[PDB]
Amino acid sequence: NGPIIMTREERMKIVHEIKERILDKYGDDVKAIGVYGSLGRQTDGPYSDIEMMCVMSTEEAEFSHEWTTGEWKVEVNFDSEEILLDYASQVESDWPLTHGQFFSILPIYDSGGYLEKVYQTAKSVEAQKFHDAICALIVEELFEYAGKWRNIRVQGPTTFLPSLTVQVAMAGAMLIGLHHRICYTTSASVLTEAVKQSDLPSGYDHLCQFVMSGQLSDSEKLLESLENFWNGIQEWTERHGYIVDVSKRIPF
C-alpha cells in the first residue's frame, strides 16, 4: 500500500521501540542512539521515513538495518565512534546532501556525550576541505557533464538531456552548498535553497528554472543554458579562488 501518513508522535513511538530493541540486543556495546533527518529536526512530513544512528563501542563496527513494515520505512546505521567521526569530517562532492545528518541529531540514548562529539566534529571541518571538494567536483562531475551534453549536441541522444540537466542542476547545488558550507534540509529543498544563496555562478538560476518548472523539452534552450552555466562556473571559480590545476599533462 506504500508509505502511509503518520504523526510525529507515532514516529517517536516507533523510534523509542527501536531504541529499546537496540539496547536489548546489543547491550553495553551501544554508546549512543540518535534520530536525525526531518524527524530529528521535528519537521517530518505526513509520509516521511525514519532515520536513526547508533554509535557502537566495537572496533570496526559498520553495518545497518534498513527495512519496511509495508506502511513505513526505517534506516538504522551502526558505526564505531572512530568510523563515525572520520565520516563526519570527510567532505565529499555530496556533503551538502549527506552531512545534514550531523546538524539534525536528536539524542535519545547517550552514555557519554558521544552525539555531541559527532556534531562538534562535523561543524569544525577546516575551510581547505571545502576548497578541495569544490575543485574535485568541477573535475569529476561538472567537466564530465559538459562532455556529455556536448556529445548530445553533436550526436544525441536528446532523450537524455532532461535527466542530465537535472543532474547538472544538482551538481551546481552541491557547488553552492560547499562554498557556503551549508547542508540542505531535505532532498526536496536542495534546488529551492540553492538558488536563494548569494554569489551564484552566472546562469545557474536560469538553468534551475527549467528543472523546477519541469519544462525540459526544449533541447536547444537547455543546451544553451548548460553552456551559459558552464561559462558562469569558470568566472565564478576565478572570483572565489577555486583554481583547478590544468598544468600537468599526467600528474603522477
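Numbers for residues come from their place in the sequence shown, where the first is 1.
- Two stretches are in play, 18 to 26 and 232 to 240, and the higher mean C-alpha B-factor belongs to 232 to 240.
- The question of which stretch, 166 to 174 or 117 to 125, has the higher mean Cα B factor is settled in favour of 117 to 125.
- Ranking 189, 69, 215, 225 by the C-alpha B-factor listed in the PDB entry places 189 at the top.
- When the C-alpha B factors of 33, 207, 50, 200 are read from the deposited coordinates, the top value falls at 200.
- Remark: residue 154 belongs to the highest third of its chain, ranked by C-alpha B-factor as recorded.
- For residue 182, the recorded CA B-factor ranks within the highest third of the chain. Only modelled residues enter the ranking.
- In the deposited entry, the Cα temperature factor of residue 195 sits in the middle third of values across the chain's modelled residues.
- When all modelled residues of the chain are sorted by CA temperature factor, residue 130 is found within the lowest third.
- The PDB entry assigns residue 86 a C-alpha temperature factor belonging to the highest third of its chain's modelled residues.
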